Amino acid sequence: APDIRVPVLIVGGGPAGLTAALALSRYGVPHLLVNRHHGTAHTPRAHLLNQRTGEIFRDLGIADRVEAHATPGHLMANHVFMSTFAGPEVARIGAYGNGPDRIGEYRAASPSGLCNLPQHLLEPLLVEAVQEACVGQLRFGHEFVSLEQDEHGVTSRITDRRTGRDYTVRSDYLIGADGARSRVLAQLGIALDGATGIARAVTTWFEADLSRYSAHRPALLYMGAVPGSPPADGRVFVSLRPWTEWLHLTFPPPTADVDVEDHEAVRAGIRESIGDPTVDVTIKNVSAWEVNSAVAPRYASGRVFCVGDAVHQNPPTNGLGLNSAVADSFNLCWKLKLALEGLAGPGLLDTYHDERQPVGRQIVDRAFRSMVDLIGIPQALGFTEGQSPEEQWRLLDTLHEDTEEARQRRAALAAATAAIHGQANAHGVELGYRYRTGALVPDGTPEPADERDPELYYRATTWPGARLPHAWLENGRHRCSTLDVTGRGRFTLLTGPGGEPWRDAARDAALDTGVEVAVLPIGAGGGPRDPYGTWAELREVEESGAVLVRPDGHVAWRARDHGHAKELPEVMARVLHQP
Amino acid sequence: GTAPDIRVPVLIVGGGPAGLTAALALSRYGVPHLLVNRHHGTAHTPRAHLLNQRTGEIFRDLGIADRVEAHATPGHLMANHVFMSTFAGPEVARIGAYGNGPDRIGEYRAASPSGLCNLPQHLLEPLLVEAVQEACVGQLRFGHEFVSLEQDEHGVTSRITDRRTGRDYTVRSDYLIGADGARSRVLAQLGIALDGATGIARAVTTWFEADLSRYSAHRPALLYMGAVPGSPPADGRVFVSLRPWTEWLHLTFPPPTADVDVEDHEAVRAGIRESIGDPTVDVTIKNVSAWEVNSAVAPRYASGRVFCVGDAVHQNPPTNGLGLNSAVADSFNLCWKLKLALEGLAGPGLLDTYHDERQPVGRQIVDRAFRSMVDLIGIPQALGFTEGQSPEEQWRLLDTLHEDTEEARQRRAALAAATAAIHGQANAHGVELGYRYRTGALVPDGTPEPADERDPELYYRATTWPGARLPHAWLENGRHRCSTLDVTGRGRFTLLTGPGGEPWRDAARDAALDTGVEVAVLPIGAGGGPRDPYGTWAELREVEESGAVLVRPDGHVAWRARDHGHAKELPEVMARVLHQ
Amino acid sequence: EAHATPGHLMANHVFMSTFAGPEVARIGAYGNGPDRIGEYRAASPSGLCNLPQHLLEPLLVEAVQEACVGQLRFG
Amino acid sequence: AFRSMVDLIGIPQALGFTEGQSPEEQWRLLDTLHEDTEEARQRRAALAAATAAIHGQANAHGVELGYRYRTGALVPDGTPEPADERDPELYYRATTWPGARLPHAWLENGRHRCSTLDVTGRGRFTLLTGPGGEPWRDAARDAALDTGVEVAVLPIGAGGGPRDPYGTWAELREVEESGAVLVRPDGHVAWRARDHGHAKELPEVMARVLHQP
Ligand SMILES: Cc1cc2nc3c(=O)[nH]c(=O)nc-3n(C[C@H](O)[C@H](O)[C@H](O)COP(=O)(O)OP(=O)(O)OC[C@H]3O[C@@H](n4cnc5c(N)ncnc54)[C@H](O)[C@@H]3O)c2cc1C
Ligand SMILES: Cc1cc2nc3c(=O)[nH]c(=O)nc-3n(C[C@H](O)[C@H](O)[C@H](O)COP(=O)(O)OP(=O)(O)OC[C@H]3O[C@@H](n4cnc5c(N)ncnc54)[C@H](O)[C@@H]3O)c2cc1C
Ligand SMILES: C/C=C(\C)[C@H](O)[C@H](C)/C=C(C)/C=C/C/C(C)=C/Cc1nc(OC)cc(O)c1C
Ligand SMILES: C/C=C(\C)[C@H](O)[C@H](C)/C=C(C)/C=C/C/C(C)=C/Cc1nc(OC)cc(O)c1C
Ligand SMILES: [Cl-]
Ligand SMILES: [Cl-]
Ligand SMILES: [Cl-]
Ligand SMILES: [Cl-]
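Parameters and conventions
Residues numbered from 1 in each chain as written, not as in the entry; some residues may be left out. Chains lettered and ligands numbered in written order. Part of a larger assembly, values for the part shown. Heavy atoms only, no water. Patch = residues over 30% accessible without salt bridge, like charges linked within 9 Å, V, L, I, M, F, W, Y side chains within 5 Å. Areas by Shrake-Rupley, 256 points an atom, 1.4 Å probe, with all protein chains shown as cover. Salt bridge = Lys/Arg side-chain N within 4 Å of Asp/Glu carboxyl O. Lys, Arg positive; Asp, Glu negative; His and termini not counted. Charge placed at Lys NZ, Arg CZ, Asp CG, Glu CD. Helix = DSSP H or I, 4+ residues; strand = E, 2+ residues; numbered from the N terminus. Buried < 20%, exposed > 50% of the residue type's maximum accessible area, 1.4 Å probe, protein only. Domains from an automatic or database assignment. Contact = heavy atoms within 4.5 Å. Buried area = accessible area lost by both parts, 1.4 Å probe. Pairing = 2+ DSSP bridges. Axes fitted to C-alpha atoms, helices over the stretch in contact; angles between N-to-C directions.

Method-wise, the PDB entry is recorded as coming from X-ray crystallography, at a reported resolution of 2.5200 Å.

Structure below.
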């Protein structure tokens, strides 16, 4: 007999696991989380939160706690290429939708902005919100060893690392959120497709007042090249607390000895990157780690589902890792809640893989390409191996000359700079992904498309699978997004004038399935107003039509007009994958 | 068989604290409702103001507690209950108030996570509205006047006016919430006449700004009760602190004679300056209101599928400040019960328990407040004030109070005994927090109710006896501090247990299958759950470690069991609770 | 800029019945609307702001008086 | 301003508001705006079309910022005035076409951020140029002989002058690196030249701008 019985076991307490713990909390699903380490992350790691993470954080009711601590969007307004921090600059683009040409789209696209909050601050927030909710249990210092599963459940073996005692956990479902080199994913016999240790990195967390060098060009990422270095020896400064707290990343060649603990050598390397020897640098941590680029071909097996780093790893370019993990967990949890209530088949749980596995392929591919893009900048300048500091200063100096060589270098830099949008303004990747198969019913219409780069540019649509478009509504004198009045662990049917047939079809949906569908009319029936007419423009259905929104804010189904009301019951049974 | 303009599970008539609290409950449980309010705006003048510990707690469950504590007067600046002459003149007697006095403060802190604070209706009401329009689950129509209803086995039909357009429409509800205030239209419709009395006295409230900090800061109080010398006992002035010490209410009680003029902003301005006793004090009137003190309670709160809350069902003088508080609790008793009937999880027997539970509480508060009004005159009567005394004759009765005579010793005696009775309104801890439901949505465990020899109106006594408000203890869930009252409520049944209480897991599983309602099992100081750092919970829970306390969404105990032996009875207990 | 209402607080142009009553129509204003904010930011180092004539006129006087090059005779 | 004043009445007219109507009728016409009739449909169209016209006062970016001097203290360069499909009252189009307000771009001088508008104006004529624009130096000196008026030559992106960190100025200037934009003290463009070829024209150009004999 097992030592513990619990509906869901979450293995790992990083962003993925804690998000799942939170979502299950809000849904009232009792669960247990085990984390190997006795504490949350002690160093910053991931830090950029994108608009989609914002929306999920609103749905989970911690957005305000997050916003209180985070760097706001405007202080990440550029992406900088430079020599040293104190030396001349090479190129600059707007970043994160701050440039004039992107800001309108970024504002229209989401109630949420982008912000910067490092893991060591974000994890405690998620912990606190879980503890407050008091629905599930966090066990830090408990390491998952192994699992066996059957038709009825999952049996897991756990080690208390203080006592040394083993114990067993019987659960209906198990969430593998145990990071890169997942013990859970290995236990399932799923191997990652991709590559391991494609490069090495040394991330120093440090304090130093570099505001003299950064305030006038606020950025998340300052990317430098010390004259006299090969192009691959880039130095990356990441702003953590403008302008006194930073990360510094170097990429040592395979033929090199990394001494994490040689704080002296690390500090002199940081002084060299800064290009000012009078700057006081306080080292807070130094970490070596291996860049991977891999994705699991299967996210799930039976009653075990893996999320986050367990199933996708990639270089930090684009900052898609943490965001994707959050969205991975947010895709899964509502599905578990329905299964445990007997209101959904295992067919619904299969849709976690279906919907999120393509998204992992996409982010890994995008991150990779963006990494490769970085080297194009020093290459464009003419930088190579076996060059003195003097030759490289001369190349920077002569970039602005009135010669053919200079003109081509300027043109090549332009083109190389332009590719960096695919990491700094990749709005289509961040917000614009659409599930093409899964817990959703096609309406027959073709997926919208246009001639613009679908990685860079987001196109709002209610096409089943897409994230529900944001529009500002007014409910009395309260302003709220379309996304605020949907989600929250429930299915919502958005309707308008002439949509009275949807009331009885939703009532019938619920008799046939057991799943309440909230009918919420917009600019009719006394519902929220559409003050600017945005929702009318974006809903892509007639006034009498409907958009059905999942608890995760993705569109499950849409219908042009009320003539489709009678199909709702059947649509809900297909989405719920019920017999 | 006409055609109703609107089908909606619950109609709530009247958008005051009672009304809005109900909407906010029903909002948080995710129940589609409609509320209609006869006035276009929310209340514009202060009126009610004292929030007691239980309102505190309810606010935390509904999750507007912070939003309410932000605007509110903290409980330390309500430290006293002051009897005086004028506000600049000598003082008569004083006691600690709202558990700020040394001999009560222990009991007040131990009793609740929440404290007492001050927030006037015109500030509160908005916050309730805000919360409701953020939740977006039901709908608030201001400027809509309820007219009439009919009901049957299957629902209620309600005729409404839109007062702007003039047009009439009709609502069909399953259930209807009569929250329409004093002189309840809805309770008329039902044929239920209040027991008691209307217009027992008349009063004049003057909401006014004036810097009296020189007179109030050094003895902080909600309630300053003066007698201007040369006045009969009943001509008590009453100052209430709203924004210390610049904003205020002033209340007089004009005799049956007296021609009262709301509009006369100069006569009222002169009365105030007299009451203060300092003619150089700037006094900016903001509102003056006549109103009639009532003293009545409905003998029935519900009839069929129609349920009344707040003033609609209990009216009383503002002594003890129970009206607002009780109205909040009324709404909170009821909502969770509607939800479980709406989802076919509970019979009409569960909705009968709203009356059974909150009606005795209406009797209690109306009585308590009346008695507390009657006491107030005991102070000026002890001083030996009467009708037909000069200013110069009263000043002397104050002056010679502190003298070596036989007159003075006995007047100081009677002053102390009258002063002693004001505890009834200033520290009424058992009335505020200690009311228990003896019959309703609960199973008695067979134990006799706890008693003691302490006055049960003044002294709260924590118990998990079914019907009692769950006792407050400080828990710790990891590094998060929370009350027993935080880890319970929130729209669901909670079972609190401890070491050896694993059997409750299966009992709770079986109860959910049989009844459809989910019981969440929370072990304390066992199984890696929330801890009991001081062991307080082990003291108060009045069951063994292996036992259980079943908490309702409203934070009252539904049932308890001494030990895990009783695990088998839980399915049937939840059946009986839900009136299946 | 010190004394003036910043542009983001003039975000809309509102059509209503009464100020506490219902609203009738609303558009973004002064380039605060998502479809105009890009052109407005790109077009000028300066934004729009609100400063009434009774506040602006003295600032102009002040800076004229400080420059001391010409002469203001009022009245 | 006149047209925008006329537009305002359109809003109440759309709603069907008229004279001799009671509070109670008008509260009704607001209530019955969302009705599914031929009446309310035509109203609702008229409101959204009357609403649309208000952009002419709330987002009149082209009038506010986009006016250009077609005759005055400037010399046309023989190019046609830029124009597009868009309504020229609502939509601004940055151009260095003489007479227009000099386009804004963020430059950087050391670590000091400044607009093209900040490094020009201030009581002087300023000539903006770039790589290969050395010839403008001599031409400016010659111009100050011929005319008495000093022309500060400011190379952007060359010769250690202010930088154009985003490339924006190179996009907006509508001349070649070696060309020149001549900016009046008021921030409008007096003249422009595709490339350094035209450098000898400057003395003449400054003479015509000042209407000197
Ligand atoms: C310098 C750097 C910058 C980055 N920048 C960004 C960014 O800006 N934005 C962004 O979105 N992403 C970014 N990423 C990626 C980000 O760090 C990860 O993608 C993110 O941590 C994913 O979370 P996870 O919870 O899946 O995994 P993890 O953070 O690895 O957490 C998994 C947890 O499971 C635990 N665990 C492992 N094995 C066991 C076991 N047997 N039992 C119990 N527990 C176990 C671990 O202790 C760990 O706490 C960055 C990464 C780095 C290194
Ligand atoms: C001066 C004063 C001081 C007080 N002191 C305190 C104190 O310190 N502490 C305390 O706890 N209590 C106090 N009380 C009691 C408290 O003010 C009231 O009991 C409380 O306001 C009751 O709220 P309610 O929801 O029952 O109804 P109400 O407050 O009467 O609100 C009902 C609302 O509905 C509207 N309405 C009325 N009729 C209709 C209709 N037919 N249809 C639709 N809408 C309608 C009204 O505009 C009103 O806003 C005091 C009362 C007064 C007057
Ligand atoms: C110039 C040449 C270089 C830098 C190397 O040789 C090779 C080509 C690049 C590598 C190994 C890329 C590592 C990833 C990187 C530097 C990402 C920038 C980043 N982007 C984020 O997006 C939010 C968040 C981040 O914390 C970070 C640090
Ligand atoms: C001295 C004699 C007087 C004042 C009268 O003749 C009679 C006896 C009293 C009457 C008719 C009514 C008294 C009601 C009152 C002043 C209650 C005090 C109060 N107590 C609260 O409890 C927190 C909150 C409050 O806002 C208020 C105002
Ligand atoms: Cl939030
Ligand atoms: Cl990442
Ligand atoms: Cl709260
Ligand atoms: Cl009261």
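## Observations concerning a negative patch on the surface
Residues and elements named next belong to chain A. Where like charges cluster on the molecular surface, the negative patch consists of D257, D259, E261 and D262. Tracing the backbone shows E261 in the loop between strand 15 (245-250) and helix 8 (263-274). Residue classification places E261 among the exposed residues on the basis of a relative accessible area of 69%.

## Examining the pattern of salt bridges
Counted according to the given criterion, the structure contains 100 salt bridges over all chains. Linking A:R369 and A:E455 is a salt bridge whose minimum nitrogen-to-oxygen distance equals 2.9 Å. With A:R369 in helix 10 (residues 346-381) and A:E455 in the loop between helix 14 (427-431) and strand 20 (472-475), this pair connects stretches of sequence that are 86 residues apart. The exposure class assigned to A:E455 is buried, which follows from its relative accessible area of 16%. Between B:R38 and B:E145 there is a salt bridge, with the nearest N and O atoms lying 3.2 Å from each other. With a gap of 107 residues between them, B:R38 in the loop between strand 3 (33-37) and strand 4 (50-51) and B:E145 in strand 9 (residues 144-151) connect regions that are remote in the sequence. Beyond isolated ion pairs, a larger network of salt bridges with shared partners links A:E89, A:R92, A:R217, D:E108 and D:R163.

## Details of the domain arrangement of chain B
All names here are of chain B. Domain boundaries assigned for chain B yield domain 1 (1-77 + 97-200 + 293-373), domain 2 (78-96 + 201-292 + 374-425) and domain 3 (426-580). Each of domain 1 and domain 2 has a C-alpha centre, and these two points are 32 Å apart. Opposite the 33 residues of domain 1 that make contact, domain 2 presents 28 residues. In total, domain 1 and domain 2 occlude about 2,500 Å² of area from one another, counting both sides; carbon and sulfur atoms represent 59% of this.

## A short note on the sheet that holds strand 23 (residues 493-497) of chain B
Residue and element names in this part refer to chain B. Taken together, the four strands give an open sheet; going across it, the order is 24-23-25-26, and neighbouring strands pair in mixed fashion. Two strands lie at the open edges of the sheet, namely strand 24 (519-523) and strand 26 (557-561), each paired on one side alone. When strand polarity is set aside, the average angle formed by the axes of neighbouring strands in this sheet is 20°. Two strands pair when backbone bridges link them, and strand 23 and strand 24 are joined in this way by five bridges, in the parallel orientation. Bridge pairing links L495 to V521 in strand 24.

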